[PDB]
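Asks: The sequence shown finishes on residue 130 if you use the entry's author numbering, and the numbering steps up by one all the way, no holes. From the three backbone atoms N, C-alpha and C, an ideal C-beta is built for every residue, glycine too.
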Amino acid sequence: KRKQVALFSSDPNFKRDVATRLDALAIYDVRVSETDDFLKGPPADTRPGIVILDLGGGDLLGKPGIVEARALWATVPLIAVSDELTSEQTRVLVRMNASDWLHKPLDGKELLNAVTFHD
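1. Using a 10 Å radius around the Cβ and a threshold of 16 neighbouring Cβ atoms, would you call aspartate 47 buried or exposed?
2. Please give me, in chain order, every unbroken run of the alpha helix (DSSP H) with length at least 4 that falls completely inside the segment 61 to 106.
3. Using 10 angstroms around the beta-carbon of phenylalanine 19, count the other beta-carbons present and answer buried if the total reaches 16, otherwise exposed.
4. How should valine 105 be labelled, buried or exposed, when 16 other C-beta atoms within 10 angstroms of its C-beta is the threshold for buried?
5. Are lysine 26 and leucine 50 close, meaning C-beta to C-beta below 9 Å?
Here's what the structure looks like:
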């Protein structure tokens, strides 16, 4: 019934605030994990609806098989959250085919607009 949301972040403030915001909307089943858990792809016991990936400074974009790991998630919408990136990092982000590029600190409205657009 509820739309599964996989959230990946190494920022404790961001994890708490995004899970609280989406869980207050009641129509989302939100799972939270470390940024590098994204590389593992979806678990066989789940059915992802949306992925929220907190890239931070963009350390994960320099990981060798990152664009291939995105394909493990098939065509689920991907919401990318990051601080400012370089052109080289923006290239990887473009290949990762995210529907939204949110800049930290994200406002309430911007995240809810990105998630509800795919509903």
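Replies: Per the coordinate set shown:
1. Using a 10 angstroms sphere on the CB of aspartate 47, the tally of other CB atoms stays under 16, which defines it as exposed.
2. If we require 4 residues or more, the alpha helix (DSSP H) runs fully inside the segment 61 to 106 come out as 77 to 81, 98 to 106.
3. With 16 or more other CB atoms across the displayed protein chains lying within 10 angstroms of its CB, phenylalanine 19 is buried.
4. With fewer than 16 Cβ atoms within 10 Å of its Cβ, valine 105 is classed as exposed.
5. Not a contact, by the Cβ cut-off of 9 Å.
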